């Protein structure tokens, strides 16, 4: 689930859900980090503003010093509204957009140093290479100003 000690301007709802709260832009990381091998999981978009989304999903270092999706090198992010990818800036590769009711499969391969994302059970597509953190946590970030978005973290066989 989500760790309330690794959440900023977000609330952890019954462990499994991260809700965008007061205080402006924010983030939350999962409880457990990944340090070797490969780990697969899903995010499920519980609540969003369809066509004007404010969520990114991905993985993060801890501690977080920069959570601005446009600049951060602490996070590797995938943006709901446009399908854009962010790490040390917006990348060329664009994947599918996503919204409320969608699942995003995330594959964090610490051996190959890659991150891949699949939408609604489609095979994951390679998103990032040369991933260069020792330990990474599943994360969600919200760049909207107002509260309300909700994302659930799920096991890889949830559908």
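Residue numbers count along the first chain shown, from 1.
The PDB entry reports B-factors from which the mean C-alpha value can be compared for 132 to 140 and 19 to 27; the larger average falls on 19 to 27. Judged by mean Cα B factor in the deposited record, 117 to 125 ranks above the other of 99 to 107 and 117 to 125. Taking only the listed residues 35, 49, 55, 40, the entry reports the highest CA temperature factor at 49. Placement of the Cα temperature factor of residue 86 within the chain: middle third of the modelled residues, per the deposited record. When all modelled residues of the chain are sorted by CA temperature factor, residue 154 is found within the lowest third.
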